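Okay, so here's the structure we're looking at.
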Amino acid sequence: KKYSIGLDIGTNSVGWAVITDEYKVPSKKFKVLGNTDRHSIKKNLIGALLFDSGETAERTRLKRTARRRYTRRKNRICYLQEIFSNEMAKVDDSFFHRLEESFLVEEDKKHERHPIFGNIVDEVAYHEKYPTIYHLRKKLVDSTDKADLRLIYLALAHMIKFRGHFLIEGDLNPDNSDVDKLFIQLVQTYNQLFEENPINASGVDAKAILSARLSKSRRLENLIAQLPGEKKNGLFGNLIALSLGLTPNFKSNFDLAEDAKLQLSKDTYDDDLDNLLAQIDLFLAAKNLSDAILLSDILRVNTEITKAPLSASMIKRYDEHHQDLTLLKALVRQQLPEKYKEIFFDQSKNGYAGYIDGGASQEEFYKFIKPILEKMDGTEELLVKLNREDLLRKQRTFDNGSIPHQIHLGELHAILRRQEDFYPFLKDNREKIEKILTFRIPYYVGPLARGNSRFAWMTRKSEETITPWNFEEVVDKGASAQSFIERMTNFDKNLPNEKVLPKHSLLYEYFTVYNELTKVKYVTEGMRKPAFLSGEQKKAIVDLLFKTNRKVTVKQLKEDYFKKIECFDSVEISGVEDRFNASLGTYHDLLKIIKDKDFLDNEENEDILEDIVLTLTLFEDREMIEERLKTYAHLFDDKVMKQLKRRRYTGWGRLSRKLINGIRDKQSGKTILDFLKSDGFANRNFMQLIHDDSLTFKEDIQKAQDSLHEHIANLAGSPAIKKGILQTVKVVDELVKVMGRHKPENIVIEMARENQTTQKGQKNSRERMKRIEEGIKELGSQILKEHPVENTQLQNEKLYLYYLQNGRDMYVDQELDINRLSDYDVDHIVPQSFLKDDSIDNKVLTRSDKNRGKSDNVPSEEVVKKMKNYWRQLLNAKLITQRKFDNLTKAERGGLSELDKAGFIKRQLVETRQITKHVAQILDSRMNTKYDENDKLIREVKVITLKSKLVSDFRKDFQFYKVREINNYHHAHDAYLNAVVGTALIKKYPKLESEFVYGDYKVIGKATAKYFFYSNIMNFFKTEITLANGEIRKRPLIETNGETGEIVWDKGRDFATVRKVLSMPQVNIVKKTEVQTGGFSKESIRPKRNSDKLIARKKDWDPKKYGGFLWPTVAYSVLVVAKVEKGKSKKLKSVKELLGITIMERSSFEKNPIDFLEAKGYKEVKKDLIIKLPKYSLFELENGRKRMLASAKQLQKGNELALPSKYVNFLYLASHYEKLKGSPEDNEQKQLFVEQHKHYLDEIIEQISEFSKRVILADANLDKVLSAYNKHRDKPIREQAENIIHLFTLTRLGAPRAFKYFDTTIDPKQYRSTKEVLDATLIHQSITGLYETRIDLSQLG
RNA sequence: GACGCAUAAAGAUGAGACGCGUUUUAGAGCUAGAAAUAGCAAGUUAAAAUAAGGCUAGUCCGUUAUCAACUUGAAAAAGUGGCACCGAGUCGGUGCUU
DNA sequence: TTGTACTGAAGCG
DNA sequence: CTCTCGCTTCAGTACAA
DNA sequence: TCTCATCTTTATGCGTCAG
Ligand SMILES: [Mg+2]
Ligand SMILES: [Mg+2]
Ligand SMILES: [Mg+2]
Ligand SMILES: [Mg+2]
């Protein structure tokens, strides 16, 4: 009658088991459909479902964003062509048509094969005159001669297409604020304002600073040594205040007009001219030098004065490359002529031919040429250029991502200012072209859709087409920026129909502090027992303490209030240790800004303050903050307004305004905050207030409050989890359906939840500030002295990593700066192409170019050699972990490899936690569907959440050991053990049922005590319990309920039953059959080949001319039974085989299958015998061999090896020989057990041999591994067991893979023939596999 | 087993952008050559595409979830499969039942 | 002319 | 006043019929 | 890889949800 269901939810697996009250698993004769002769099969109610992962959406977002960027770039080019078209019609009416036709072969081209001029001599004259586009760009900016309009369009289209980045927002005018000369007019301006007119000697310019690196410790000493120091922090010339601003907002030093805070001159300095701009020169010239140092950092030098330093530097690279190429060729032909063919012709050995024509990247070319370079003579300058990575450089390079768009804009403005006299239409629409280059869609606007995108939120004032010139007249920036946030912030969970408060909201802070405060309790010598703080006390301490310190300590709560006001000798307190968890931080911010305490303490003006804080949270864009805030300008002075608009906030609370201050109790009239301020002597907190039935909040919340697919579709987060949710809920539903719709007595879920010692918990959850502090004092730096910081800004990951690395890059020996992390790179050690891992152990803050060059690799052996000492210096200083040092040093151990792809990855754990939590909620909501007027829910089925630790301990303590490498049955056995342990546990201790059952509750560090209890609770299974003192204690071999005489656990029959179930051969393993989504092919384009297999990259682009893709992903296979017109003497041969349908043909095939099959050559197709076959389709063959359909032309291992449990226990015990960590008598017990049962190894090998001969058929691998075993038989038991544990890779279900046994590696046998399953028996397995439909394919055709 | 707060890890989801990479063409290769070729010279850049494409034609969308078989239903979605016992190499056997 | 067996390929910071 | 988490299919080239 | 915001699940400290 009664039955229980146990569940184990892995990220890729759902173990399931059904048990009775006797801990026995039922077995039933299930009906089997299909045309086969089998009508009934006996199966056991235990199994697991295996499925491929749920994939995250973010890759699809990346493709979406790349698609959008390409479309918008094409539209920019189209806009420029639309502007130039009418003038282009005058000189060459087919110019854009030849540019559009550049990709076609000359036979396909409608016009002449030369795109630019249409004739060969002018084209070769162009390339001789301008070797690169940069030469043409420089000629257009610098010269004044009327040039051809085609060249003008080519330069502007090149520079618009590759416009550089927008991470600089200012003007950065690369035309006067640029020449290193600027120091001279700076020192004159300094002599003109500073009336003493000091020394203006011919000292060396900022090139002296830039000779090594831009830093404090060298700039300051160089300028002070060059020109004698009259004022160290007030030199008023080329200061660090005028180069790289200070970390804090510290006041001006030796001020001229006023003492005002200082920062860097990017975007937070334009109001620190309040010394003069608020009271009405060197700051302007300073800005111009700051610009000069940025652009001389990002571009090297122009010796002759040009408006285009970029093009000049690129031509400098070209000329250097040409000279060094000529020198290299001459020296190579001189000293080693035999290498000349390899270096300069063979493009496959990473030579110069491989560096240009081949695929070798710049670092590979350098490391190839370097030994050849050093063995040669006269190569000192080539080698020092190689060491600077400045040898034979290209122009188009990964380094160019450093370049801000302002440089390209400056060049465009200069070119247009040159050529506007010769072409009036350039002067007519110069601003339109500048807008085409400069315009960027704001991130808060999103896509520019018209009601046809699920991703778009932008609203528009008019229906006109959006152009960069009319963007502000059409797009309603306001509502769109608000809709960027409000669509995305979650609703209040108690009031589902309105949004939560901002985190920094004053009302939210008030609620938070009064909620914490109202269950503070205090006691003192006159008391009988502790009291709560009355409302007047709570108000007085809020006024005198919280409003006067940004945080409060219980120590000052004593020594400030209780000693002075209502004086006590002592008071003892509970509800708080040390720091209060709440504070009025925003109140202190607003007090510091408005400087009106009475305004903030005023009651009637709270709503406008909440409107302000809401505004300052929602909006980032300064003009939008201004516009929204402007309404309140008749209470605030313009100064304090222009200040307050800086005070950005972010993040959101959990509650609506109406919950905490909107709803009122009908009889009291008080809000929740009103009760928290004063509730007499009850002082009820929030939870009490929403669950006390006396107040009228409870039924108001109740009044504030179907398909399964809707129930999973509404909830947010990763789409990945929804797969798992649907799978296991469908499993549970079909298990209920199998046994005649009878509901379980309970469902047991293995939650991935734990408990641990309080000390360990706090030791983990420490503030990262303490970590930074103790590491930096351990390594003895002074970074905190010069750069001070507290915890909350380390929540930013770049600044955290900057303090983690002690202000210095560990790839390159240079100091880092704190103000310029914008262009600095976060870097993952392991490539994101290889393995998703976003732990701090895998993250680097490094200079951009170094990470860019570290494409697809761990840091290479050379940077390891350069930096391993500093890496060790940070390792022993507790700033990086051993995993971080091992990852950093990974190149010395061979770099990444297949065995580095092993070990379970962090995300799987978070996924299983999320998945199981949701599963538990949906199963409780679905199963308990009935309720009464007095009973709010009827516990028809108790969902019981076991912690993993309990079942894992039960496994070890009774030697039901588990390993994974042998078979997938471990999932099913874990589910069965969860069912057993949970059912026995709740049977033994009914008074603990309210702990484990979902939705129920009962009412030295607390976690410590709970963990110790969570150990002791399991003891009732044991026969003998060893206490902490080392003395044994007995326990009856029959267990009873205690309050009842009902037996709960017999240490006889029940252990035998468990061992019998664990040793059962028949376990249901079902791989979910899935039809493939995702990308059409592998993404790489492949060269022109006469091969038919090349997928056409475009409709007209025949890939036999143009190249194409390869490896088209098969969406699914289809069985076809038809005639294929075979032979020279043509005749119709009837034949049956699988066709693969690729994703590209999925929609075309499903539109009309018969016509698509006739397009493939099949005729007389039997339409009704077309079978849809997903991946992993299951086929049953002779002798009991099972083959899994991996693809239209590949099979997979479909059987599973049911090894006896004694061998599994012996294998687990033989490995991990000295790492059990129990007690010594136990380890020696297992040592004589494994020594006396050594022959089990041979028995296991015999089993593996039979099973391999039965279903694997890889006989060549079989005899190879048998010879390897017979060679290595005399090795110690440890390595033999370990390598045999590897050996089971031969026999697992699914994909063949390589494995190695001791010294020797075995390659997989590949089942590359799907002909042989065409006469097998196809199996349609249900979600559990208990329901089957076996079809015989030999009877078809 | 839930909720608010602080302190933690480890992860998600959407938008705006940058630089590379690859492909085809353009950038006249020269000499000795019956030549299969051999010697020499040169190589740095540009145009275009970047899931085929789709229609509501937007400077939008097209790689994330949804998926055993059969019977209904456009689809959504609904429905379809006896029990007890003795045993165990991927499940077998025995006995009642319509 | 068609199956095998073996080695190699794969968009990224 | 209630407790005792997982791992590949296709592209090529070279031989057996 | 850069810039923007938004969540989610587990760990520990505080408080609380019932009869
Ligand atoms: Mg588990
Ligand atoms: Mg998927
Ligand atoms: Mg990296
Ligand atoms: Mg499992």
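Letters A, B, ... go to the chains of the structure tokens in the order shown; residues in each chain start at 1; ligands are counted from 1 in the same order.
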Backbone DSSP call of alpha helix (DSSP H) for segment 598-814 of chain A, listed as a PyMOL selection string: chain A and resi 598-601+606-618+622-629+638-644+657+672-677+686-691+697-704+708-713+719-738+758-764+768-779+783-786+797-804
Step by step, measure atom-to-atom distances between ligand 3 and each residue using only C-alpha atoms (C1' of nucleotides) and all ligand atoms, keep those at most 10 Å, then write them as a PyMOL selection string. (chain A and resi 825-833+842-846+848+850-859) or (chain C and resi 13) or (chain E and resi 1)
As a quick test: using only C-alpha atoms (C1' of nucleotides) and all ligand atoms, which residues lie no more than 6 Å away from ligand 4? Give them as a ChimeraX atom specification. /A:8-10,13-15,971
At most 12 Å from ligand 1 (only C-alpha atoms (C1' of nucleotides) and all ligand atoms): residue list as a PyMOL selection string: (chain A and resi 6-16+48+748-753+908-909+912-913+915-916+945-952+962+970-978) or (chain D and resi 5)
Please give me, as a list in words, the residues lying within 8 Å of ligand 2 when counting only C-alpha atoms (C1' of nucleotides) and all ligand atoms.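 Checked against 8 Å with only C-alpha atoms (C1' of nucleotides) and all ligand atoms; the hits are residues 53, 54, 55, 720, 1076, 1077 and 1078 of chain A; 64 and 65 of chain B.
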Please save N, CA and C atoms (P, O5', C5', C4', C3', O3' and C1' of nucleotides) of the selected residues as a PDB file, in the first residue's frame.
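This went into part.pdb:
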```pdb
ATOM      1  N   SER A  53      23.316  18.860 -20.233  1.00  0.00           N
ATOM      2  CA  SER A  53      23.130  20.088 -19.462  1.00  0.00           C
ATOM      3  C   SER A  53      22.110  21.040 -20.074  1.00  0.00           C
ATOM      4  N   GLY A  54      21.486  21.833 -19.204  1.00  0.00           N
ATOM      5  CA  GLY A  54      20.772  23.029 -19.602  1.00  0.00           C
ATOM      6  C   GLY A  54      21.804  24.109 -19.849  1.00  0.00           C
ATOM      7  N   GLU A  55      21.858  24.682 -21.046  1.00  0.00           N
ATOM      8  CA  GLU A  55      22.865  25.696 -21.325  1.00  0.00           C
ATOM      9  C   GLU A  55      22.362  27.106 -21.028  1.00  0.00           C
ATOM     10  N   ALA A 720      18.612  27.491 -18.120  1.00  0.00           N
ATOM     11  CA  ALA A 720      19.271  26.216 -17.826  1.00  0.00           C
ATOM     12  C   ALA A 720      18.517  25.352 -16.817  1.00  0.00           C
ATOM     13  N   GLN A1076      18.614  18.583 -31.685  1.00  0.00           N
ATOM     14  CA  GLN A1076      19.627  19.598 -31.426  1.00  0.00           C
ATOM     15  C   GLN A1076      19.211  20.988 -31.886  1.00  0.00           C
ATOM     16  N   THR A1077      19.375  21.952 -30.990  1.00  0.00           N
ATOM     17  CA  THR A1077      19.166  23.369 -31.247  1.00  0.00           C
ATOM     18  C   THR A1077      20.501  23.988 -31.676  1.00  0.00           C
ATOM     19  N   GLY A1078      20.643  25.302 -31.517  1.00  0.00           N
ATOM     20  CA  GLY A1078      21.948  25.936 -31.593  1.00  0.00           C
ATOM     21  C   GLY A1078      22.476  26.199 -32.995  1.00  0.00           C
TER      22      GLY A1078
ATOM     23  P     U B  64      20.246  27.964 -28.159  1.00  0.00           P
ATOM     24  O5'   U B  64      21.015  27.480 -26.855  1.00  0.00           O
ATOM     25  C5'   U B  64      21.622  28.383 -25.935  1.00  0.00           C
ATOM     26  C4'   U B  64      20.674  28.889 -24.865  1.00  0.00           C
ATOM     27  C3'   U B  64      19.592  27.942 -24.406  1.00  0.00           C
ATOM     28  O3'   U B  64      20.117  26.805 -23.745  1.00  0.00           O
ATOM     29  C1'   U B  64      18.801  30.158 -24.325  1.00  0.00           C
ATOM     30  P     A B  65      19.297  25.430 -23.786  1.00  0.00           P
ATOM     31  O5'   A B  65      18.078  25.655 -22.793  1.00  0.00           O
ATOM     32  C5'   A B  65      16.988  24.757 -22.833  1.00  0.00           C
ATOM     33  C4'   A B  65      15.848  25.200 -21.961  1.00  0.00           C
ATOM     34  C3'   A B  65      14.506  24.561 -22.312  1.00  0.00           C
ATOM     35  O3'   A B  65      14.247  23.455 -21.477  1.00  0.00           O
ATOM     36  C1'   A B  65      14.327  26.909 -22.440  1.00  0.00           C
TER      37        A B  65
END
```
Within 7 Å of chain A, which residues of chain E are there when counting only C-alpha atoms (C1' of nucleotides)? Please give them as a PDB file with C-alpha atoms (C1' of nucleotides), in the first residue's frame.
```
ATOM      1  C1'  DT E   1      37.736  42.237 -23.290  1.00  0.00           C
ATOM      2  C1'  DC E   2      35.514  47.663 -21.884  1.00  0.00           C
ATOM      3  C1'  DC E   4      26.123  49.978 -17.678  1.00  0.00           C
ATOM      4  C1'  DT E   6      19.732  43.980 -12.432  1.00  0.00           C
ATOM      5  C1'  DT E   8      19.803  33.869  -7.840  1.00  0.00           C
ATOM      6  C1'  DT E   9      21.551  29.960  -4.567  1.00  0.00           C
ATOM      7  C1'  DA E  11      27.473  29.661   4.221  1.00  0.00           C
ATOM      8  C1'  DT E  12      28.024  31.965   8.913  1.00  0.00           C
ATOM      9  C1'  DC E  14      21.646  39.033  14.741  1.00  0.00           C
ATOM     10  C1'  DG E  15      16.468  39.052  15.444  1.00  0.00           C
ATOM     11  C1'  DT E  16      11.263  36.428  14.103  1.00  0.00           C
ATOM     12  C1'  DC E  17       7.208  33.236  12.075  1.00  0.00           C
ATOM     13  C1'  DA E  18       3.093  28.385  17.472  1.00  0.00           C
TER      14       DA E  18
END
```
